[PDB]
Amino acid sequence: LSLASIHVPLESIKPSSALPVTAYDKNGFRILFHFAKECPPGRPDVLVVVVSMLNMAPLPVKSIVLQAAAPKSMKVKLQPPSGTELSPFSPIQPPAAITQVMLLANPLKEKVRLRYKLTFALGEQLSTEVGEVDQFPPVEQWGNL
């Protein structure tokens, strides 16, 4: 099982009819998982997720690094992010967002659980946030979400 040869272009991702799930939300910084409608070509086992990161707090956030871990029977891959910083929210302009394509291979069709480590900085001040998400679409519906 691998995901090495899989790269799903952001622009190519169609929306599913599912609601985004909250992976992390603290101090105006929320990360949601947007489940793609389709699977990569030839990969019915891969759930394509558009991870969004939004900053609604008055302070800017930089050095944003998201990492994930999946059950041994699965494989998780994170494509490069659209960026690593989020400007402070400003009523005058649309919120600053970062998107990161995450791929999850679940060949055996088991229940999905995803751990993550969020790392970022406010100025030089470091932050490390860890968590577990277990709100995913039924594996049976992957590919036609």
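The first residue of the shown sequence is 1; numbering continues from there.
When the two stretches 56 to 64 and 39 to 47 are set side by side, the higher mean Cα temperature factor goes to 56 to 64. Judged by mean Cα B factor in the deposited record, 132 to 140 ranks above the other of 119 to 127 and 132 to 140. Ranking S90, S82, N106, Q79 by the C-alpha B-factor listed in the PDB entry places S90 at the top. Among all modelled residues in its chain, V8 ranks in the lowest third by Cα B-factor.
Among the modelled residues of the chain, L86 sits in the middle third by CA temperature factor in this PDB entry.
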